[PDB]
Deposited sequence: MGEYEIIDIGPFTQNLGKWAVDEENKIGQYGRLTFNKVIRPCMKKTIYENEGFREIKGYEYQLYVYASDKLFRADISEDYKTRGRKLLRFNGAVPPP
């Protein structure tokens, strides 16, 4: 269940991390961070086993980088950039 959050400093810093992670690959070239826009979605990732309930969180962000928009799926327990693809601006 992806719930919607507000685009504060934490959301802006999550998009900065994703842009810097895609920059590590060099696939999209040198991307410069601009802004994470709305909507930003958050979902709780529960553990599959063990004595801890919450494993981490997954974020779906719309980020501008190099004056272009990209969709970024991020997991933070541990930090993973699962998806980064050009995106059309949402309604």
Original post:
What are the missing stretches of the deposited sequence, listed from start to end?
Top reply: 1 to 2, 80 to 83
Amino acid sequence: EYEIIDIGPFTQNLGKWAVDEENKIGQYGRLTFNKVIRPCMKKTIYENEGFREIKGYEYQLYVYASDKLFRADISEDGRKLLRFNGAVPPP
From here on, numbers count along this sequence of modelled residues.
**OP:** Averaging only over Cα atoms, indicate whether 41 to 49 or 57 to 65 has the higher B-factor in the PDB entry.
**Re:** 41 to 49
Original post:
Between 15 to 23 and 78 to 86, which has the higher average C-alpha B-factor in the PDB entry?
Top reply: 78 to 86
